[PDB]
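Asker: Quick one: the structure is below, questions incoming.
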Amino acid sequence: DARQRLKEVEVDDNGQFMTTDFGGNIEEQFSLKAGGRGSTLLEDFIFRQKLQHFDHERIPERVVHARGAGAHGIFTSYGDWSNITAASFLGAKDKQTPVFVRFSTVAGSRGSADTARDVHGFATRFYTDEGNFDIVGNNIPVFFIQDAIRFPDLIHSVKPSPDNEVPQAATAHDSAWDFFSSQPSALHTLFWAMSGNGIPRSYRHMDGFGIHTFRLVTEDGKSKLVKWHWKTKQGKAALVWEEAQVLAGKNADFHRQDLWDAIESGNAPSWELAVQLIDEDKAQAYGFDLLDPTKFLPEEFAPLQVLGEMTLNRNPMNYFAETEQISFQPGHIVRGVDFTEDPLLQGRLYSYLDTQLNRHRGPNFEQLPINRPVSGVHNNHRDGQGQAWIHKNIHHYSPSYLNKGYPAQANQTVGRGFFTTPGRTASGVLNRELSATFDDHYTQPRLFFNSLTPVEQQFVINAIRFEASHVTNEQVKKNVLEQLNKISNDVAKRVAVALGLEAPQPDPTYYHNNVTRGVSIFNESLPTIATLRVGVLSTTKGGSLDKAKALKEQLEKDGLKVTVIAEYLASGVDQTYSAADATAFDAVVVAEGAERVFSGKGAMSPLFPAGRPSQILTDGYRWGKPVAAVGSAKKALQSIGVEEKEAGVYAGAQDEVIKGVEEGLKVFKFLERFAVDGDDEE
Amino acid sequence: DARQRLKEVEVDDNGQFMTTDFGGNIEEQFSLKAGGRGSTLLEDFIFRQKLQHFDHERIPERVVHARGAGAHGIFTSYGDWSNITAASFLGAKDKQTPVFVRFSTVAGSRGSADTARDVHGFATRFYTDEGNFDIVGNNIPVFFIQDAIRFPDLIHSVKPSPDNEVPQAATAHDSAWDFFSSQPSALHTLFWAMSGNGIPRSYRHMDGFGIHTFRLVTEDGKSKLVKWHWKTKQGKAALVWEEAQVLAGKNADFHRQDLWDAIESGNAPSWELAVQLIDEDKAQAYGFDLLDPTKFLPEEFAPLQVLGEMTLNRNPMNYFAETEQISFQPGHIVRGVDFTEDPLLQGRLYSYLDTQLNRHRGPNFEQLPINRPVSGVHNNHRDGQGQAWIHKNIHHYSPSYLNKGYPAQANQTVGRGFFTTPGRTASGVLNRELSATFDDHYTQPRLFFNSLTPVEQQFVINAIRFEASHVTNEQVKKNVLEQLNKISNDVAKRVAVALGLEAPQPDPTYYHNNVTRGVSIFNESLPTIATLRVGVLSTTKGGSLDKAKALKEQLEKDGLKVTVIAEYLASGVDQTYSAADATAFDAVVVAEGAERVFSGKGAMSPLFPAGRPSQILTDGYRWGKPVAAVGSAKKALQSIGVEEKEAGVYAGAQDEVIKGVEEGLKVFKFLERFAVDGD
Amino acid sequence: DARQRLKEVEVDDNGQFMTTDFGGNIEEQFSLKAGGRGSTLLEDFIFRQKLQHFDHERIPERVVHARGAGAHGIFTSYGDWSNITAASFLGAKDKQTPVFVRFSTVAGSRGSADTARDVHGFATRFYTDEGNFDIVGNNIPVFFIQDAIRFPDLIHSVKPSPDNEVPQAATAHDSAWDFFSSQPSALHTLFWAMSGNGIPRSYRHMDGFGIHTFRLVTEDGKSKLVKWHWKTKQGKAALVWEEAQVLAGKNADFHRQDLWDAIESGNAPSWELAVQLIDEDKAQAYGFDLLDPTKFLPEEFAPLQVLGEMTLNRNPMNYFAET
Ligand code: HEM
Ligand code: HEM
Ligand code: HEM
Ligand SMILES: [O]
Ligand SMILES: [O]
Ligand SMILES: [O]
């Protein structure tokens with residue numbers, strides 16, 4: 001149990017009487033009043049201590065990544081990696097370290113939709129025996145900007161306009177695209193956010209990236225440059241934008257429920273921890289500066305080397321005390337790892353320490369149960385708001401004769417202390433510049449786009465088309481066009497069509513045809529269909545429900561989560577048509593006999609909105625999901641104009657439908673149903 | 001061990017390596033720099049996590065009673081008091097409850113002197129098995145004001161002037177005496193603060209009071225009116241003002257050191273808890289309203305009934321985490337006790353809960369180790385800054401089928417719940433007024449002044465003369481005299497002399513000659529002299545130090561703390577003359593042969609300020625202490641014009657001096673040395 | 001008037017009726033009660049709004065230098081110093097700039113005595129036309145330690161023992177002299193603190209120092225190493241320790257009252273701003289490293305150059321809001 005250390009602070013209220021926060025049993029359902037219908041007394045200490053705690057429940061949301069969810073788990077190392085790092089948690093085969101991971105979006109506030117289009121956070125804490133080590137990552141390997149001092153500008157431009165606070169959780173407005181086109185470094189991450197990475201199917205279907213080049217350091221002090229990767233064992237998978245939008249309204253907790261259900265049902269998700277390793281003397285040897293956070297390292301140049309695997313198997317007990325209160329920091333570093341001169345990472349180190357003082361209203365936030373290490377804290381820090389400990393050492397200073405030198409200094413050779421990479425040097429003038437090696441803002445965006453499938457490329461273009469069409473200012477849109485044209489003339493011309501702007505002329509300085517692996521989502525089927533959702537649309541009339549039950553039981557044998565849907569909650573029905581939507585499922589199957597609710601009287605009922613079963617089937621097909629119908633229910637396929645032998649469409653008896661649906665869930669999205677530019681011309 | 005429950009939060013750094021606040025061994029004595037003589041790097045996470053915690057160490061001090069100190073201990077009940085209270089901590093003979101007590105001044109800020117003249121706080125927390133019960137009291141049984149809405153007015157007027165923040169920890173300025181005379185209710189507590197209660201010898205030599213009338217409630221709801229009293233087993237003792245002034249500069253920590261040393265040396269101080277009990281129908285029977293916090297109940301009408309004893313025997317381990325962080329509340333009430341309609345108490349219940357939000361910057365301050373009860377907390381409160389627990393009940397609301405009714409409601413008949421006194425009634429118009437029964441502001445100040453000894457009365461008069469002479473405004477000084485003349489014409493006349501104002505003619509409306517017991521300090525000797533301090537003035541020349549060591553060993557047999565003083569720290573010397581002052585001791589005795597440092601070359605040395613041994617003896621004599629000299633050292637007493645004929649002065653051989661000094665310490669202060677108006 | 005810009009936030013209550021913090025005239029000398037001898041009602045918004053502000057009056061004292069006092073004034077440049085610095089406030093003869101100065105102790109808390117033996121702060125703000133420039137200095141030209149990461153160790157050692165919080169505003173205890181003897185860099189400032197600098201007669205009778213070497217830079221990038229000096233026009237003066245001990249008890253506000261009285265009586269104190277100017281290539285040429293804050297540069301090697309004069313002529317109107 002990864003939460004084992006947290007059980008000492010867990011409070012069980014069952015079987016007990018109500019109390020105040022300072023003890024004493026009470027009743028707290030009536031205010032103390034001066035007379036039968038009199039005014040409430042100031043001396044009602046019970047009322048005041050109850051309402052004051054309610055009044056003070058909220059803490060500030062995170063300044064970025066305010067919307068997200070998390071879970072506990074275990075990380076297991078696959079070997080003794082002392083040959084590359086002194087990091088304790090990687091020092092032996094099958095060594096296990098408790099983790100907590102929080103996934104998130106970036107721009108939206110606390111109550112915004114999971115399926116907004118956005119970069120996604122992927123923050124992992126290792127509770128190692130030599131301190132907490134945090135990898136505060138994203139599901140995209142490059143970031144918008146090259147210097148941390150520009151972070152407020154980026155975030156202000158993509159967060160709501162400061163006059164009306166419109167729009168929520170979205171880059172589709174003037175200020176954001178004004179910034180993307182005025183700061184061309186941002187276009188690489190923008191392309192990633194405009195792809196499937198911006199609308200993933202779940203937290204469990206994302207890769208993770210530390211983005212920055214870090215350093216692994218051995219006991220003798222030798223170092224190597226390193227990139228952190230998390231590779232999902234569930235496979236990468238993404239939605240389509242028109243589906244993500246409906247899902248934002250139908251279930252804004254789609255992603256956090258996904259992770260919770262997967263863990264509750266015993267299908268804990270896993271990611272493998274992998275690294276790219278680079279010699280120090282090759283930091284600038286691959287066509288870009290490895291200090292540049294707007295660049296990723298093509299796997300053709302440095303392949304991923306798996307070090308271990310992380311499994312998230314325990315949900316939190318109290319979301320606020322654990323998920324909301326946890327405080328990640330890239331400054332949470334340990335012996336065996338070091339920073340680099342990445343100007344974006346450099347400022348992060350200051351920013352995450354500082355912002356905790358705003359979120360937690362004091363300096364003792366590492367004493368919170370979810371932030372505490374398991375390795376012990378011994379120093380001369382004292383006092384501060386909410387000090388939860390009572391220190392014994394009264395000589396709280398160093399050096400000291402009176403405390404005998406304890407707590408004692410630890411460094412590279414004594415006490416396994418942290419040490420900066422010994423060979424690191426500084427050379428040159430103090431400057432407020434960026435290295436000229438950071439100047440190329442277009443080559444890698446072109447590289448990313450080249451490496452996507454044709455329909456995947458169309459998704460990127462259609463996302464940009466959707467986003468840029470919200471920009472009111474004409475010049476901003478033309479500025480966007482000029483910047484896009486430096487990535488690819490074809491992308492600019494296809495985006496320009498939606499904008500009503502003239503197709504720009506080629507500017508080939510950065511054009512190229514190179515491609516790289518690992519970057520696509522839709523060119524690979526899932527390695528497993530466990531936890532994937534199947535909506536079975538049935539009816540309470542006739543014998544349809546009995547068949548849906550058998551259809552459900554066999555589908556569950558393969559590890560799928562099946563929801564039987566009908567007019568009302570008859571025996572065996574999991575959900576009503578009124579409460580059902582196609583966004584909640586990865587495949588839709590119409591049970592035999594349920595074709596009655598797709599036409600005629602059966603489709604017009606007071607118990608669900610008009611056309612709901614037809615709409616669920618239409619949404620699922622148009623959003624590329626595997627859809628099916630058993631036996632006579634093929635008439636439902638007919639009523640929305642879907643043909644039986646289309647790709648990802650399955651009609652027949654129960655068993656062939658079951659096999660066809662499960663095969664289609666591996667494909668996940670059938671991209672034959674999405675038009676590409678040039679298809680419609682006569 | 002009263003601190004037993006605090007064991008699990010203690011952190012031991014012995015033999016450990018230095019770490020960050022998130023773990024990981026580090027060194028933290030060098031900043032990370034870019035080159036040999038280079039600038040510090042932002043990426044030095046070690047530096048910023050160490051300095052950030054230092055930068056954020058301070059929390060706001062208490063809005064009042066900022067200066068103070070405390071200790072842990074045990075309360076033991078003397079009996080089963082269920083016939084008067086349902087309170088669990090008083091429900092069985094020999095039942096023990098851990099306590100923590102904080103003593104304080106009122107006006108001064110965190111770093112002000114202990115021996116400022118002020119009302120003194122005396123706050124006790126009982127960690128009962130049915131919740132935390134606080135009696136947030138003072139060492140004076142009455143308060144300045146009758147309605148809690150006036151507390152900011154009182155406190156602003158006493159605290160430093162808002163333009164220059166002058167003066168520190170003192171009532172001796174214009175605005176305070178402008179309030180005292182404009183708000184005549186304040187005259188009673190003023191007289192108490194102008195008495196020995198304003199300059200107590202130590203926290204251990206104070207009585208304590210809850211001030212307010214509260215209610216004790218039995219199981220069936222029948223209530224009694226109650227006054228809380230703490231009776232010190234050490235006896236009450238006070239300084240004189242001219243002595244307390246010097247001590248404020250020589251040792252501003254005089255009182256917190258005295259409490260620490262008493263516990264550290266195994267001389268734990270003790271207080272008996274006593275109550276005055278009054279039937280509900282006698283609330284207005286004794287010449288005043290018991291809802292009025294500017295009056296006390298004379299013990300002739302209701303004797304003190306002792307219910308148990310409290311002993312403070314454990315010092316804190318970290319001052320800030322324990323003493324500074326503890327959050328007292330009169331609203332911390334338990335089953336068997338209830339409030340009364342005292343308009344001062346009523347507002348306190350609001351203001352102590354509210355002020356913790358400022359001092360602790362969050363709603364979860366009761367989760368701090370020093371504030372946690374021992375009895376268990378089960379409710380549906382959640383979240384808040386610094387939430388330190390993880391609740392299991394996901395149905396955090398009532399009523400509810402899903403949580404099966406838990407946590408469940410508790411009331412008078414089920415669950416041992418708190419319950420307001422069943423018979424209390426409201427009646428009349430909603431009003432912003434005070435009862436006319438509150439209108440006498442002069443009788444009880446007169447009663448208090450009557451019940452003190454003549455020199456004790458003179459101390460009060462000389463306190464007033466000192467204080468009011470600091471008031472620059474002439475009309476305020478006349479306003480003060482006009483109000484003092486309402487209490488006693490003789491008091492006003494004697495104060496008027498110092499102010500150069502005319503003796504006002506008698507205003508006899510509230511004059512009376514009644515006296516009451518239990519309010520005097522100087523009319524009673526001390527029950528014990530254990531822990532009292534003796535400074536032995538000696539010299540490294542000759543054989544004086546040998547005799548001082550013998551003198552010390554015999555005095556220590558009586559539980560006295562003895563400091564041998566000489567020019568330098570020779571073998572057997574506890575303190576140099578340079579560091580010594582008479583304010584630190586309760587008796588001064590000159591060892592034989594030490595008269596050499598009282599005149600001539602022995603008095604002129606680079607090792608101490610000129611005349612310092614003579615100043616200590618002069619100070620000790622003039623401040624009413626027992627002073628003595630052994631053998632030839634009587635020349636030192638003659639050198640300052642003091643003769644052995646006098647009370648509190650002892651000479652002769654060693655055993656003669658020891659028995660005399662130990663006798664004199666019981667009297668403590670010799671009031672023969674203080675002149676009285678027209679004596 | 002140095003305080004001229006603060007007039008528009010000044011609030012006059014003479015002749016007015018009592019109000020709440022959200023307006024509306026009120027009375028606030030009686031709690032609202034349910035009957036003649038009744039309990040106070042929660043609906044008394046007047047009471048709660050008045051006590052909530054009182055309950056929330058205090059803010060944390062400064063982690064160091066908590067005990068001090070201040071005043072407003074004017075700094076006037078003696079010349080056009082553009083040949084050594086581009087600083088606007090030194091860019092013309094007779095140019096005037098508003099200032100505020102806070103003097104302080106170091107160790108003691110908010111209510112500690114002014115005549116404790118201690119290092120003393122001398123913090124000066126110039127409200128220049130190109131931003132606020134602060135010289136946050138002390139009355140002693142050298143500091144205890146050579147690296148800022150050791151500051152919590154120094155301060156923990158000098159401030160009271162964490163078990164009983166004894167002693168107040170004093171280095172005369174075990175932990176302080178443990179650190180002084182274990183960290184020998186501290187002995188320079190120690191010796192200064194043991195001299196008259198530790199018990200000055202008043203704030204007006206102190207010199208001031210920036211301690212650190214800084215840089216003055218011209219418009220074209222030319223730099224010189226600089227040490228800041230404040231030279232009191234009233235003369236340096238100190239007490240004796242047996243006197244300062246009694247004064248700590250007789251008047252804890254001795255220094256803040258002395259500064260207040262001098263300004264209010266028309267006797268405004270003044271200091272001249274003076275600098276030592278060192279070439280960059282001589283940073284290590286005078287028997288020590290000029291980056292080392294435990295060393296001062298003897299004036300025989302570099303005499304002072306007077307840049308201007310500052311005079312403190314305006315007391316604050318509200319201590320809390322200003323000082
Ligand atoms: C490669 C670049 C970056 C990555 C991968 C990244 C990732 C993240 C993630 C995953 C979180 C949420 C952690 C959680 O779930 O609690 C977060 C929060 C945050 N980030 Fe970043 N971020 C990056 C850039 C930056 C920069 C450049 C800054 C500022 C200079 C910054 C400042 C913050 C702050 C202040 C928070 C809030 C943390 C808190 O309130 O606890 N981020 N970031
Ligand atoms: C009989 C009248 C009073 C007595 C005996 C009394 C006593 C005390 C004592 C002993 C303390 C110090 C607690 C400690 O040691 O931590 C204290 C603090 C305090 N008192 Fe009073 N007081 C009285 C009246 C009032 C009134 C009328 C108010 C406001 C309406 C008030 C507001 C406060 C506040 C806000 C604190 C600070 C509490 C904290 O920050 O923990 N007091 N009082
Ligand atoms: C040459 C060395 C130093 C000098 C001349 C100096 C001077 C001062 C002065 C005069 C003040 C009070 C200003 C006021 O009246 O508000 C002050 C406060 C302070 N000092 Fe220093 N100090 C020195 C060393 C340090 C170091 C090394 C640190 C930390 C690394 C530090 C941290 C602080 C802090 C946190 C405050 C509180 C300021 C506030 O609360 O606004 N000091 N110092
Ligand atoms: O971030
Ligand atoms: O108080
Ligand atoms: O400082």
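Identifiers for the structure tokens are assigned positionally: chains receive A, B, ... in sequence, residues are indexed from 1 per chain, and ligands are indexed from 1 in the order shown.
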Got a sec to check which residues lie within 12 Å of ligand 4, using only C-alpha atoms and all ligand atoms, and send them as a JSON list (two decimals) with N, CA, C and O atoms, in the first residue's frame?
Answerer:
[["chain", "number", "residue", "atom", "x", "y", "z"],
["A", 62, "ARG", "N", -3.92, 26.54, -7.91],
["A", 62, "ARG", "CA", -2.61, 26.68, -8.54],
["A", 62, "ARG", "C", -2.67, 27.75, -9.62],
["A", 62, "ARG", "O", -3.66, 27.87, -10.35],
["A", 63, "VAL", "N", -1.60, 28.55, -9.72],
["A", 63, "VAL", "CA", -1.59, 29.64, -10.69],
["A", 63, "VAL", "C", -1.63, 29.10, -12.11],
["A", 63, "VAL", "O", -2.21, 29.73, -13.00],
["A", 64, "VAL", "N", -1.04, 27.93, -12.34],
["A", 64, "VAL", "CA", -1.20, 27.16, -13.57],
["A", 64, "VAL", "C", -1.50, 25.73, -13.17],
["A", 64, "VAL", "O", -1.18, 25.29, -12.06],
["A", 65, "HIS", "N", -2.12, 24.99, -14.09],
["A", 65, "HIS", "CA", -2.48, 23.59, -13.86],
["A", 65, "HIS", "C", -3.46, 23.45, -12.70],
["A", 65, "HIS", "O", -3.40, 22.48, -11.93],
["A", 66, "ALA", "N", -4.37, 24.42, -12.56],
["A", 66, "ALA", "CA", -5.29, 24.40, -11.42],
["A", 66, "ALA", "C", -6.26, 23.23, -11.50],
["A", 66, "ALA", "O", -6.73, 22.75, -10.46],
["A", 104, "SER", "N", -3.06, 17.01, -15.13],
["A", 104, "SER", "CA", -3.73, 18.31, -15.14],
["A", 104, "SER", "C", -3.81, 18.86, -16.55],
["A", 104, "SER", "O", -3.17, 18.37, -17.48],
["A", 105, "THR", "N", -4.64, 19.90, -16.71],
["A", 105, "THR", "CA", -4.53, 20.82, -17.83],
["A", 105, "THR", "C", -3.66, 22.00, -17.37],
["A", 105, "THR", "O", -2.95, 21.89, -16.37],
["A", 106, "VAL", "N", -3.70, 23.13, -18.08],
["A", 106, "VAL", "CA", -2.80, 24.24, -17.75],
["A", 106, "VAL", "C", -3.57, 25.53, -17.53],
["A", 106, "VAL", "O", -3.41, 26.19, -16.50],
["A", 107, "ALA", "N", -4.39, 25.92, -18.51],
["A", 107, "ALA", "CA", -4.96, 27.27, -18.51],
["A", 107, "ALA", "C", -6.19, 27.39, -17.63],
["A", 107, "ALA", "O", -6.39, 28.44, -17.00],
["A", 119, "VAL", "N", -2.23, 21.79, -23.34],
["A", 119, "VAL", "CA", -1.13, 20.99, -22.83],
["A", 119, "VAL", "C", -1.60, 20.33, -21.53],
["A", 119, "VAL", "O", -2.49, 20.84, -20.84],
["A", 120, "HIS", "N", -1.01, 19.19, -21.19],
["A", 120, "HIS", "CA", -1.41, 18.47, -19.98],
["A", 120, "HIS", "C", -0.22, 18.24, -19.07],
["A", 120, "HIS", "O", 0.88, 17.88, -19.52],
["A", 121, "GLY", "N", -0.43, 18.45, -17.77],
["A", 121, "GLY", "CA", 0.60, 18.19, -16.79],
["A", 121, "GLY", "C", 0.68, 16.72, -16.43],
["A", 121, "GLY", "O", -0.30, 15.97, -16.51],
["A", 122, "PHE", "N", 1.88, 16.31, -16.01],
["A", 122, "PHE", "CA", 2.23, 14.92, -15.70],
["A", 122, "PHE", "C", 3.35, 15.00, -14.65],
["A", 122, "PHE", "O", 4.53, 14.86, -14.95],
["A", 123, "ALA", "N", 2.95, 15.24, -13.40],
["A", 123, "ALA", "CA", 3.89, 15.48, -12.32],
["A", 123, "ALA", "C", 3.99, 14.24, -11.44],
["A", 123, "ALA", "O", 2.98, 13.77, -10.92],
["A", 136, "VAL", "N", 8.47, 17.13, -12.68],
["A", 136, "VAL", "CA", 7.29, 17.95, -12.95],
["A", 136, "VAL", "C", 7.23, 18.11, -14.47],
["A", 136, "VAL", "O", 7.83, 19.02, -15.04],
["A", 137, "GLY", "N", 6.49, 17.22, -15.12],
["A", 137, "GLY", "CA", 6.48, 17.13, -16.56],
["A", 137, "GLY", "C", 5.15, 17.49, -17.20],
["A", 137, "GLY", "O", 4.19, 17.89, -16.56],
["A", 138, "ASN", "N", 5.13, 17.34, -18.52],
["A", 138, "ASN", "CA", 3.94, 17.52, -19.33],
["A", 138, "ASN", "C", 3.82, 16.34, -20.28],
["A", 138, "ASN", "O", 4.77, 15.57, -20.47],
["A", 143, "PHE", "N", 8.31, 23.02, -24.70],
["A", 143, "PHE", "CA", 7.54, 24.09, -24.09],
["A", 143, "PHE", "C", 7.57, 25.34, -24.96],
["A", 143, "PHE", "O", 8.38, 25.47, -25.88],
["A", 144, "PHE", "N", 6.66, 26.27, -24.66],
["A", 144, "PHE", "CA", 6.41, 27.41, -25.53],
["A", 144, "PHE", "C", 7.62, 28.33, -25.63],
["A", 144, "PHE", "O", 7.91, 28.88, -26.70],
["A", 145, "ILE", "N", 8.33, 28.54, -24.52],
["A", 145, "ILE", "CA", 9.27, 29.65, -24.40],
["A", 145, "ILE", "C", 10.63, 29.14, -23.94],
["A", 145, "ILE", "O", 10.76, 28.03, -23.41],
["A", 148, "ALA", "N", 12.57, 31.62, -18.57],
["A", 148, "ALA", "CA", 11.51, 31.57, -17.58],
["A", 148, "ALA", "C", 10.91, 32.94, -17.32],
["A", 148, "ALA", "O", 9.73, 33.04, -16.94],
["A", 150, "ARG", "N", 9.76, 34.95, -19.21],
["A", 150, "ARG", "CA", 8.63, 35.18, -20.10],
["A", 150, "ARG", "C", 7.40, 34.37, -19.73],
["A", 150, "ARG", "O", 6.37, 34.49, -20.41],
["A", 151, "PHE", "N", 7.46, 33.55, -18.68],
["A", 151, "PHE", "CA", 6.32, 32.73, -18.30],
["A", 151, "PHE", "C", 5.07, 33.54, -18.00],
["A", 151, "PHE", "O", 3.98, 33.15, -18.46],
["A", 152, "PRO", "N", 5.12, 34.65, -17.24],
["A", 152, "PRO", "CA", 3.88, 35.43, -17.04],
["A", 152, "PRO", "C", 3.27, 35.94, -18.33],
["A", 152, "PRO", "O", 2.04, 35.98, -18.45],
["A", 154, "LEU", "N", 3.41, 34.49, -21.40],
["A", 154, "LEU", "CA", 2.74, 33.35, -22.02],
["A", 154, "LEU", "C", 1.42, 33.05, -21.32],
["A", 154, "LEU", "O", 0.38, 32.89, -21.98],
["A", 155, "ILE", "N", 1.44, 32.97, -19.99],
["A", 155, "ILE", "CA", 0.26, 32.53, -19.26],
["A", 155, "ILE", "C", -0.83, 33.59, -19.30],
["A", 155, "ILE", "O", -2.02, 33.27, -19.46],
["A", 210, "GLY", "N", 9.90, 15.10, -19.04],
["A", 210, "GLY", "CA", 10.50, 16.14, -18.24],
["A", 210, "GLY", "C", 10.83, 17.39, -19.03],
["A", 210, "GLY", "O", 11.01, 18.46, -18.43],
["A", 211, "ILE", "N", 10.91, 17.26, -20.36],
["A", 211, "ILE", "CA", 11.18, 18.34, -21.31],
["A", 211, "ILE", "C", 12.62, 18.82, -21.21],
["A", 211, "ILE", "O", 13.39, 18.71, -22.17],
["A", 328, "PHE", "N", 4.35, 20.31, -5.87],
["A", 328, "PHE", "CA", 5.46, 19.85, -6.69],
["A", 328, "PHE", "C", 6.48, 20.96, -6.89],
["A", 328, "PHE", "O", 6.14, 22.15, -6.90],
["A", 329, "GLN", "N", 7.75, 20.56, -7.06],
["A", 329, "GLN", "CA", 8.87, 21.48, -7.29],
["A", 329, "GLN", "C", 9.93, 20.79, -8.12],
["A", 329, "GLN", "O", 10.39, 19.70, -7.73],
["A", 330, "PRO", "N", 10.36, 21.37, -9.25],
["A", 330, "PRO", "CA", 11.58, 20.86, -9.90],
["A", 330, "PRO", "C", 12.83, 21.08, -9.08],
["A", 330, "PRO", "O", 13.86, 20.47, -9.37],
["A", 344, "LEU", "N", 14.84, 28.14, -19.04],
["A", 344, "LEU", "CA", 13.47, 27.93, -18.59],
["A", 344, "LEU", "C", 13.44, 27.16, -17.28],
["A", 344, "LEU", "O", 12.72, 27.53, -16.35],
["A", 345, "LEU", "N", 14.23, 26.08, -17.19],
["A", 345, "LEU", "CA", 14.32, 25.32, -15.95],
["A", 345, "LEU", "C", 14.88, 26.17, -14.82],
["A", 345, "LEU", "O", 14.45, 26.05, -13.67],
["A", 347, "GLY", "N", 14.58, 29.35, -13.99],
["A", 347, "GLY", "CA", 13.62, 30.17, -13.27],
["A", 347, "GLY", "C", 12.53, 29.38, -12.59],
["A", 347, "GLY", "O", 11.96, 29.84, -11.59],
["A", 348, "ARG", "N", 12.20, 28.20, -13.12],
["A", 348, "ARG", "CA", 11.26, 27.32, -12.44],
["A", 348, "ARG", "C", 11.69, 27.05, -11.00],
["A", 348, "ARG", "O", 10.87, 27.08, -10.09],
["A", 349, "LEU", "N", 12.99, 26.81, -10.79],
["A", 349, "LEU", "CA", 13.47, 26.48, -9.45],
["A", 349, "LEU", "C", 13.06, 27.53, -8.43],
["A", 349, "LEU", "O", 12.65, 27.18, -7.31],
["A", 351, "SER", "N", 10.46, 29.70, -8.92],
["A", 351, "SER", "CA", 9.03, 30.01, -9.00],
["A", 351, "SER", "C", 8.18, 29.02, -8.20],
["A", 351, "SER", "O", 7.20, 29.43, -7.56],
["A", 352, "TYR", "N", 8.53, 27.73, -8.21],
["A", 352, "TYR", "CA", 7.70, 26.73, -7.52],
["A", 352, "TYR", "C", 7.87, 26.78, -6.01],
["A", 352, "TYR", "O", 6.92, 26.51, -5.28],
["A", 355, "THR", "N", 5.77, 30.14, -5.00],
["A", 355, "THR", "CA", 4.31, 30.12, -5.13],
["A", 355, "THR", "C", 3.64, 29.30, -4.03],
["A", 355, "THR", "O", 2.45, 29.52, -3.76]]
Asker: Kindly provide, as a ChimeraX atom specification, all nucleotide and amino acid residues lying within 6 Å of ligand 3, counting only C-alpha atoms and all ligand atoms.
Answerer: /B:55 /C:62-65,102-104,121-123,136-138,143,148,151,210-212
Asker: Please provide as a PyMOL selection string all residues within 12 Å of residue A:357, with the sequence filter that same-chain residues fewer than 3 positions apart are discarded (counting only C-alpha atoms).
Answerer: (chain A and resi 59-60+62+327+350-354+360-366+384-385) or (chain B and resi 49+52-53+55-56+361+385-386)
Asker: Which residue gives the smallest distance to chain B among C:98, C:152, C:23, C:293, with only C-alpha atoms counted?
Answerer: C:152
Asker: Quick one: residues within 7 Å of stretch 262-265 of chain B, only C-alpha atoms, excluding same-chain residues fewer than 6 positions away - as a PyMOL selection string?
Answerer: chain B and resi 313-315+531
Asker: Would you mind exporting C-alpha atoms of the selected residues as a tab-separated table (two decimals), in the first residue's frame?
Answerer:
chain	number	residue	atom	x	y	z
B	313	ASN	CA	6.25	20.94	36.72
B	314	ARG	CA	7.29	20.73	33.04
B	315	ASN	CA	9.00	23.46	31.05
B	531	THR	CA	13.60	29.38	45.68
Asker: For chain A, report every residue with an atom at most 8 Å from chain C (counting only C-alpha atoms), formatted as a ChimeraX atom specification.
Answerer: /A:34,39-43,394-402
